[PDB]
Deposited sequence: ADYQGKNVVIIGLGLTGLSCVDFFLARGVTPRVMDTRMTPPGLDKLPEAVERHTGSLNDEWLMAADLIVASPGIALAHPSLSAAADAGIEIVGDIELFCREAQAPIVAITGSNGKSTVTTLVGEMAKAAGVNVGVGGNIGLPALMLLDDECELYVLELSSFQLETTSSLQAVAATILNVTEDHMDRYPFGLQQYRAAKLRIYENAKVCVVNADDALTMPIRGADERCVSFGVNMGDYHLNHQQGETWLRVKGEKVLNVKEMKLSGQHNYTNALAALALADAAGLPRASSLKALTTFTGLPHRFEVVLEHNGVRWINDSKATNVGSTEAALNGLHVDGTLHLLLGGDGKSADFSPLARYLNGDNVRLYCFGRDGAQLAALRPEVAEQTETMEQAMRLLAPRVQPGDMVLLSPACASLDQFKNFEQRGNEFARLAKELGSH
């Protein structure tokens, strides 16, 4: 693509918007930047030569543009963007800009749950093969920060929002891991509209990897599949042991993995299918499955002391992810479950089936705390903040108990990001969980 001479407007700053600014400047194009936030992150890092408009959108700038580069954090359906689209003004995002430039194959991963774990695992599979790999997207670096002539493979985590603005992805291997209700605040035509955004990832993919157990992951109209009891890649249970299999052949006894739990085993299958499709050697891919320890904030034991396990699952930002933490969970004593934040208009009802019995207490906070407490009011407490919830539950914790932050919500109503929520939980767990 050639941007020389174009009037380019970037909506959204932060590290990603900065990477877009830097991308254009390095190509001799000075873009303009706008952000609905008065003081967005990275503002002090924006060179003064770049004009900026903050605190609102500027329709004079948008309607004047030759190209609008929209952060995934702004809806295409925003009236100002729909007006520009109606006028024939091209709108793309950073992932589109990246795909037009990339000179190595791309493995592309989306889904409601599991996408960071699978992206990271395929990255580690590539590293173990000695491949020069760039891993990022919706995690790690913004994708444009990965671009490098020496890179031999890119592995991108892509969100539904990024996919809505991307048209030139031709992945060597692409997956939707699963589709469960999320982001309803951004999808007023509901689950199928969200699904449609993720289905874009398969367009012009060489290999599509689908979840045999989740029909919403399949194109509307020749994919490789993974699943539990069925799929090209599947699990084989042998007498209190589980194996990863490919078409009937055992490839790994999961006792060799550091990750545990069925959904992490299907994550491993999906990662293997993608790596296989990308041409990585099977042996080194399997080795990476044995070395990978997990991501921070993803069902992470932050303290195990005095008979109590404190688990930071701050990355559980939707109902499906909390369900994955709760389904089959073993707790000797009482589960003290922290829920709360911005639930993005989700129905939390599917969680209620895990919340019966005498051994569960809920501590509900943030914007949607009241809705969460309503799952089972008899065992629920509501506070404004997560710190208040922790200070309330800690005196009640007994040897054998579990304290689980798996909040089913985004963090942005009260936190910078889910990592800050997790770090704050870990600090408080260490304070409250020893004498």
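According to the record, no C-alpha positions are given for deposited positions 222 to 225 alone, numbered from 1.
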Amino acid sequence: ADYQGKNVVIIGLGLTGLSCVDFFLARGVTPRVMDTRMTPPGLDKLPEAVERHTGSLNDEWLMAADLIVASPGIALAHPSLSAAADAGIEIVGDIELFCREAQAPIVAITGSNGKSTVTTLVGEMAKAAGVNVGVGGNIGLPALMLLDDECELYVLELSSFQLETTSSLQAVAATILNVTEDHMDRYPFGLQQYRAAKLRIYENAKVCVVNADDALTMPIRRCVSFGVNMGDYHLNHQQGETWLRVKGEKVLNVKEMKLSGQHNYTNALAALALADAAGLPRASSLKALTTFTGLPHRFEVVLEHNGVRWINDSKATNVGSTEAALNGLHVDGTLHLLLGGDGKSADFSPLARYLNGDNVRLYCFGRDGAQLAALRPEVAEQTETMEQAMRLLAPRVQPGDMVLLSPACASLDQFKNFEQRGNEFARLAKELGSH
From here on, numbers count along this sequence of modelled residues.
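Judged by mean Cα B factor in the deposited record, 134 to 142 ranks above the other of 113 to 121 and 134 to 142. Just going by the entry, 290 to 298 versus 167 to 175 on mean CA temperature factor gives the higher value to 290 to 298. In this entry, the residue among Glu157, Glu101, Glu181, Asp149 with the greatest C-alpha B factor is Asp149. Within the selection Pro407, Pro40, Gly366, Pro31, the deposited Cα B-factor values reach their highest point at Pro40. Per the deposited record, the Cα B-factor of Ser411 falls in the lowest third when ranked against the other modelled residues of its chain. For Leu428, the recorded CA temperature factor ranks within the middle third of the chain's modelled residues.
Among all modelled residues in its chain, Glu323 ranks in the middle third by Cα B-factor. The entry lists a Cα temperature factor for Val21 that places it in the middle third of the chain's modelled residues. In the deposited entry, the Cα temperature factor of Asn204 places it in the middle third of its chain's modelled residues.
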